[PDB]
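Okay, so here's the structure we're looking at.
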Amino acid sequence: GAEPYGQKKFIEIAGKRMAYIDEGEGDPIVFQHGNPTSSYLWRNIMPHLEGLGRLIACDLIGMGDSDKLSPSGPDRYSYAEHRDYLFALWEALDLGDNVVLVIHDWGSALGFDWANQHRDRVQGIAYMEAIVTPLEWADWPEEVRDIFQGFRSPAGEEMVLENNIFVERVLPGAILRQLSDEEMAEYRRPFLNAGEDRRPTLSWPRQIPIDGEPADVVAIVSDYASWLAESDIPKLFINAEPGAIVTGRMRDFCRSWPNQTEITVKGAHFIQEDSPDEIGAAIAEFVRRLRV
Ligand SMILES: [Cl-]
Ligand code: NA
Ligand code: NA
Ligand code: NA
Ligand code: NA
């Protein structure tokens with residue numbers, strides 16, 4: 001269960017190498033990770049979709065085996081910069097117009113935004129522990145609120161760049177099981193060096209739309225949230241118990257979305273590490289249904 005899935009391919013986008021999985025034939029099934037993960041997140045999910053489509057899992061810029069930006073610093077790895085690289089990669093990959101999106105965390109902001117911009121090219125959306133509408137601090141799990149407000153303060157650089165707290169604390173804190181040393185090492189790999197190599201993992205929490213900031217991301221999220229609440233695009237909502245960011249009022253909101261089926265699995269935030277086989281089977285049933 002610790003082994004990566006497949007063998008990564010590489011494409012140069014805007015002078016940087018992006019790494020991604022691309023296996024199989026047919027209409028794509030696109031799996032997008034978030035913070036502080038990579039395509040690896042999906043390694044026990046993707047085998048359940050074998051033979052049902054072209055399976056794609058991209059590593060965001062500066063993450064996984066994609067190259068780092070230079071010079072890195074606080075103005076880099078914003079949502080929009082990530083979107084520039086990922087959307088370019090998706091274009092380069094010639095996805096066509098029957099794309100299924102499988103999305104999590106910042107992967108869900110990116111994927112929901114993509115779908116909102118390309119409504120005619122998305123066959124269906126499976127999402128989990130996603131950014132579904134703009135947040136307030138009350139929506140955030142109490143037990144990590146102090147850490148997240150830390151990230152979103154000048155203390156963030158020390159917390160992440162020097163102390164790697166997102167990788168070392170937040171990630172295993174939001175997985176119910178204990179990862180193996182080997183799993184751990186894979187997740188740490190892109191961020192082993194203190195300093196700017198760890199930047200994406202600090203830029204990301206600074207982009208979360210909370211209390212109206214950052215405004216640009218709030219607007220992007222509001223836009224797709226309003227669209228999804230009325231859209232007839234097929235959806236699969238994978239709810240988690242106890243879950244983390246899709247709880248309370250946020251969970252009520254996404255449950256109101258049209259043309260959607262839902263499952264519940266055990267998990268906190270990184271639920272792929274806790275309930276892969278249920279997740280995989282639900283996505284396989286959804287894709288089979290859409291593609292019959
Ligand atoms: Cl984050
Ligand atoms: Na991915
Ligand atoms: Na992807
Ligand atoms: Na990216
Ligand atoms: Na980032």
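Quick note: numbers below take in every heavy atom, side chains included, and nothing from hydrogens, waters or symmetry partners. Numbering of ligands and ligand atoms starts at 1, following listing order. Position 1 is the first residue of the sequence, and the numbers go up from there.
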Is a side-chain donor-acceptor pair under 3.5 Å present for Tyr127 with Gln260? yes
How about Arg121 and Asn98: does a side-chain donor come under 3.5 Å of a side-chain acceptor?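 Not at all, the side chains of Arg121 and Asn98 share no donor-acceptor pair under 3.5 Å.
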Aromatic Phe10 / basic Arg17 pairing, under 6.0 angstrom, 45° off normal: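 Yes; both conditions hold, so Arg17 lies above the ring face of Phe10.
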Is the closest basic N to carboxylate O distance between [X] and [Y] below 4.0 Å?
{"X": "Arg199", "Y": "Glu157", "value": "yes"}
{"X": "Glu23", "Y": "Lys8", "value": "no"}
{"X": "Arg76", "Y": "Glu81", "value": "yes"}

How wide is the angle at the Na ion (ligand 5) between O in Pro200 and O in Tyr77, to the nearest 10°? 140°
Under 3.0 Å from the Na ion (ligand 2), which protein N, O or S atoms are there? Could you list them by chain and number? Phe31 O, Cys58 O
